[PDB]
Amino acid sequence: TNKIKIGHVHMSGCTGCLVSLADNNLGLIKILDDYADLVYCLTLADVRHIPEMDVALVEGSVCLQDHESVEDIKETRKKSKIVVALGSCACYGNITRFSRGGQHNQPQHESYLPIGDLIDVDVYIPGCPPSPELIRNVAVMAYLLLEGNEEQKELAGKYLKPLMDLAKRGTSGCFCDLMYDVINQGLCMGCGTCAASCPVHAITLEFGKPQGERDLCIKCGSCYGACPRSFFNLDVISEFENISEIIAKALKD
Amino acid sequence: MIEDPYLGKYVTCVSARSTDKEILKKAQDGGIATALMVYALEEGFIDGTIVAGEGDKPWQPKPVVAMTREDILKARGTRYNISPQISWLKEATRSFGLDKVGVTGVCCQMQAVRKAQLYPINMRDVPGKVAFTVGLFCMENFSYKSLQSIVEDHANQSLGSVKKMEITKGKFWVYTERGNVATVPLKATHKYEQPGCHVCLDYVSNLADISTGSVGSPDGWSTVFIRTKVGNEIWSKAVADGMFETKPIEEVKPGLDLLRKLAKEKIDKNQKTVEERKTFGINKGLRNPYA
Amino acid sequence: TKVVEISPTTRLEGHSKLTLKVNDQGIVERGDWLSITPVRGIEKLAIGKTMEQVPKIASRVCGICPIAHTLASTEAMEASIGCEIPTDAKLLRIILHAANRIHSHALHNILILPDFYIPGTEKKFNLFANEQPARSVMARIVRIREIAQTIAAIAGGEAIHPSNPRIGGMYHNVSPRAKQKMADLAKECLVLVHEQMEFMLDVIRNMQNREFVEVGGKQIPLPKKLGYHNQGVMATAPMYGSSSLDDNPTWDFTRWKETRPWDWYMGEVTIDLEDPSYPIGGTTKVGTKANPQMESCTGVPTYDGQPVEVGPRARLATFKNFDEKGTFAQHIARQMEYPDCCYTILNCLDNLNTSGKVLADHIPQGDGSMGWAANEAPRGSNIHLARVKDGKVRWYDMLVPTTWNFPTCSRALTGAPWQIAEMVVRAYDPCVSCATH
Amino acid sequence: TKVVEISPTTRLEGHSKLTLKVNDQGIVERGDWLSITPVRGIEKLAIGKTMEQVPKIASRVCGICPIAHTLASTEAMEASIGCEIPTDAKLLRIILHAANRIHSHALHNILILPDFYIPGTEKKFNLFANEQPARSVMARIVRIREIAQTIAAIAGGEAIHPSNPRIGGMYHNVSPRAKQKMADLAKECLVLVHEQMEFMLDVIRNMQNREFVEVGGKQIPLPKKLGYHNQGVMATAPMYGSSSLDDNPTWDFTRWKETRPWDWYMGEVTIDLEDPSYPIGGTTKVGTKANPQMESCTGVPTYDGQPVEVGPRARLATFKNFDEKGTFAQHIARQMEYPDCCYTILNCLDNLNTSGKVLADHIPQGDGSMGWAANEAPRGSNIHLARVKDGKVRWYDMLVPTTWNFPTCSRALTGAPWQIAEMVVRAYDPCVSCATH
Ligand SMILES: Cc1cc2nc3c(=O)[nH]c(=O)nc-3n(C[C@H](O)[C@H](O)[C@H](O)COP(=O)(O)OP(=O)(O)OC[C@H]3O[C@@H](n4cnc5c(N)ncnc54)[C@H](O)[C@@H]3O)c2cc1C
Ligand code: NFU
Ligand code: NFU
Ligand code: SF4
Ligand code: SF4
Ligand code: SF4
Ligand code: SF4
Ligand SMILES: [Fe+3]
Ligand SMILES: [Fe+3]
Ligand SMILES: [Xe]
Ligand SMILES: [Xe]
Ligand SMILES: [Xe]
Ligand SMILES: [Xe]
Ligand SMILES: [Xe]
Ligand SMILES: [Xe]
Ligand SMILES: [Xe]
């Protein structure tokens, strides 16, 4: 079979999403060797314009007052079969929610939206920083979804489903997700997972229940993501040993 | 009751200037906004008014509840950056204990006041205590860093030396206290406009009780629209009391024809901008507060 | 004089472009390298936020060097409020800081080698490719970065956007096992970075002995004084940094003034030279208009009224009187910083007391006084200035290393074949998201 | 070896001459540049005079740079007696100091351009002449100097021999209108000096690319290392200076020793080479005797036992590690100092409080202790040393920048065609009245 064609599109991001991918180490080189061609990535290669892509890893959000930027993200949807919001800036805005303009030398650069507000997004990879393991897993599963037998494209399509459901749920991420859609919903069980995943130590548990420092939270959506009562697809997660073995196989030398 | 589709609904329109010479010494134009609030205070139509007072950096405006003639005059002159006038609208009826609040500002600020009067959302007591609005014409506004960049880089002037600023006749004008003048072509300034002004469809402050501006009248003189019953009672009384020199707008150059043309360019340009938000994306668009 | 423009740049972080005026031979007469990254405005959104939040937001300025913005921002708050952090918190911050310099320099090796020749040949390095020696070189680099990112996560809580720093010190000290593990990793890393350092120095020495390089088919002559400028250098420490809490700060805020691109960049021009063969997609179409004064997205900080170079050569010139300048000098200086990083880590681990305190007993809330902190980030002096009052940021300012290097690199472009203008740029290890923030 | 002598020099301040030993090709082997300005003896006449008078006399050492001697002399009295001046007096002195650096550098543009070519041609600049572009360049320079002299008179009382400085501060603060006016002038001046700076840098770059220049008819080859020396540099600040009142002075008086020309200049020689065609009036007649050891009118100050270079290149090498040397390097460094002057003025005006105090409440009369002050005058470190007792100067000494540069420029003369020896000299912006005092 053919390797899929993968591009890295960089909007208003910090390149930490790209770095996370590279922090797969030899796993990334195994992927690039056997399953994917990087057709585009301004940081690593000299391809000046957005080619056609099977999978586009888009990082960062969109500044509505930068013409070239609105064009790049429209062009990316046009040129790509699967669009991935890579990281919390692309999924949910993250720190660019806080942008409000007035700084040199473009005081009018004021308004920033996550990509799903301008184009349709197929898969979310939430996190700030996003976990290398997730980016790898999503890349391998995208390859099975496109060049595997029917048994794999079925596995791969079930794995990716909650990440696709997140892209259809909305473009907002915040500590309050855990209130709205978990505690307020009767679903919280006090496991503490949200506290472990928060990257700015904004979450403590008081008497088994989440307490959010909302003026510390940078609005990344990680905690609802990781919460085992947001999505819990029993068909995938109960096969953890098997799916882990498959993934390790796909990277073995 | 005319109903221009670019000048809003109004009773009459004359070209005026205050007869109070001390007020005219630093007024931007004819001194209409200052003279109307001073007179409203002395007569008892208002007991206080929000104005753009002096702030903490040079040429940065700071909203304040003025309650004396002297505090009102402190707000003379146009400041070309944002002054969040409405932040004190509710507080005026609380700690300040006002019964009859005045408000001054540009067109969007008049709209906020009218919205608060009809849809008060945590704005208790405001609807019935707004007593007088005076609205300025406004083509667009800037942030402070924008005004800094225009004045200091493009005009090459020190802000601590500037006595007056004016947008007119296609140029940004800076006047210094020692007597020099500098200009900037308005094409250069277009990157520096506040993006939220690009969806504004109101030029002569349609929703004010009285409206006032510069265009249409000679230097030192204001183009004034009287619009509401409140605007009419107060303006009549003030002319009767000698507070104003008038002249019908028809017998003044450039007069109401120039004004209608600049209003028309603003709405059509911005209306286009409003239309494109709808298809800004691919299968997706941006919000429209007007839908 | 003609006008050629490369947009976007590649093999650097972020979004910039080169707008070059060239003579009849295609040599730069006056080039402008400018940012076209949209301005997120961190310094303005900071105002009114808590002193705890602002460093965690500023970290998200850049994911290659988040350590630099977390530390410079946190220590600007500590300096504004007068907070002295415990010794064991300082030791963990230095370990975090040196680990991150190792990973950043190694990443930059990946970005610059495609312009370099396998010594003595006319084959350029291709690292992607499953051929030697490229592939065993990529393996060394991958393990260096991995060691570096692991040490950073241990001492810093997270390798990208460290969680452990806080106003007053760190959230956590590390366990006896953690300390053994960082020591073990830094022993392995010291061997590797010595190998990599020697490897890169030989490749650069071979480049200094070439007369031309090949760019999209053609031979491009390699000038002797490639990338020279007369701006001088500015550095605050050979390793860590300096703050206004110090008895003798090594940065003088009285010598700094930030202006707008207005004073140093070119005005409007029109592109009358184009090359569709430039790898890979050609240059800007003829007839395009450009205005670096107005398209540049950064401010221009100056020292004694002039732009300056910052970064690894800035540091070695300031502290050891390193006396070579230009593109290849910058590459050399950067590689020479590899071993210090690992010796520092090991010295710091040796003095670290894993039972020691990491949080100052008292954190004052601030009275509105100005403080500043300089972090010697992988690319240069990173200076954050702050006024904190009642635990809130009332005034904030960031003078980031690539911001300093933009006007200085631009001037360094004179005398270069426009086809290797990007090579002059890459010697600065540019981070355009940082520079713009 | 032959002996040619140029006397007097021209297109510099004051009265000096060049006494050159040349090889069979006319290249300098060992040249002596020495002062022949009569010694007015300011330092000796100072003894017994009041501490108020001595700075006003010392100002009359030189009318191009009177600010430097007024300030260095006044602040040496303040340092000897232990007087701390008010902040608003310091701010006015810095405004005065930076304005004067602008006018001095611009004046020096007038003096050096006749040796420079309109770029790309073989026409030399003639500024006198009512032709372009010379005439619009003279107009820019004339308005720069005029702005500079006006700011100096406002903050300093007088543009030549400022009246406002006094022991303990200034006679006058300025009015709100005065402050607005200096701000307005410095805004206009910043635009102009940027233009002039770019203009001069291009002219110098064109000179660095020439192989010869024309001197009284003949082609004179332009050596690559023109004006190189190995003496190093000495500087105390990038802008203002330093005094013995400072917590950490930036000059060390323990490293200084002034000797007589005896140790560094040549003994008696006889001129056996002459050229009547040297523009305009030829050189010294053959058979004339010369003795630089005995005709030199200055003393030779040293730092670590050796002469040093001072001035704008000294400053940029010390504070930014500026790494070019020689004649054209010196010209470049000097032009790069234009913008700092105007940014400083504007920053200072912004902090000045026109209602603030300008005179220290107490002026002590002195107990005979030694104090010193360094002013970074337009040409280099200007150091006055003093002992004041009972309001009288008991001991005085002046180490003036051109005094430092005399032996150092002399050594820089090696390897130059004797016909462009004067060009090597002019890069130092010499002031021979200063050097002799
Ligand atoms: C951004 C801005 C844009 C404008 N654009 C136009 C235009 O395009 N065409 C035209 O004819 N006129 C325009 N005007 C109005 C004009 O410049 C005069 O200000 C107006 O005619 C009032 O003059 P006056 O002599 O009556 O008022 P004065 O007696 O001088 O009193 C000044 C009034 O202006 C208010 N004010 C001043 N600055 C601000 C500010 N940033 N925000 C809110 N309120 C403020 C004060 O509360 C005060 O009541 C603009 C004003 C502003 C602030
Ligand atoms: N090194 C580095 Fe960053 Ni991505 C830059 N420039 C900043 O501090
Ligand atoms: N600059 C200068 Fe003077 Ni005319 C000299 N040398 C002195 O201080
Ligand atoms: S999600 Fe975090 S790591 Fe990714 S671009 Fe946004 S700030 Fe960087
Ligand atoms: S992760 Fe989910 S279920 Fe577990 S404590 Fe947090 S909100 Fe409650
Ligand atoms: S609380 Fe922490 S994990 Fe959840 S959205 Fe805020 S920053 Fe992210
Ligand atoms: S243009 Fe409209 S929205 Fe912008 S300031 Fe003027 S009245 Fe307000
Ligand atoms: Fe900044
Ligand atoms: Fe002397
Ligand atoms: Xe990367
Ligand atoms: Xe990589
Ligand atoms: Xe990939
Ligand atoms: Xe990639
Ligand atoms: Xe998908
Ligand atoms: Xe990947
Ligand atoms: Xe995918």
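A, B, ... follow the sequence lines: proteins, then strands. Residue 1 opens every chain. Indexing begins at 1, ligand by ligand and atom by atom, following the structure's order.
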field: Pairing residues for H437(D) by the ring-ring contact (aromatic ring centres under 6.0 Å, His included) criterion, not counting sequence neighbours
entry: none
task: Please list, chain by chain and in numerical order, all residues satisfying salt bridge (charged side-chain N to carboxylate O under 4.0 Å, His left out) with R93(D), sequence neighbours excluded.
output: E75(D), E78(D)
Total protein N/O/S atoms whose distance from atom 3 (Fe) of ligand 3 is less than 2.8 Å: 2
task: Would you list the pairs meeting salt bridge (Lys or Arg N to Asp or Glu O under 4.0 Å) in which at least one residue belongs to residues 21-31 of chain A, sequence neighbours left out?
output: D23(A)-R145(C), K30(A)-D34(A), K30(A)-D253(A)
message: Under a 3.5 Å distance rule, please check whether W404(D) uses its side chain to pair with a backbone N or O of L399(D) as donor and acceptor.
response: yes
- prompt: Do the ring planes of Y396(D) and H384(D) sit parallel (below 30°), tilted (30 to 60°) or perpendicular (above 60°)?
  reply: perpendicular
message: Assess whether a salt bridge exists between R11(D) and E422(D), defined as any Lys/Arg side-chain N lying under 4.0 Å from an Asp/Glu carboxylate O.
response: no
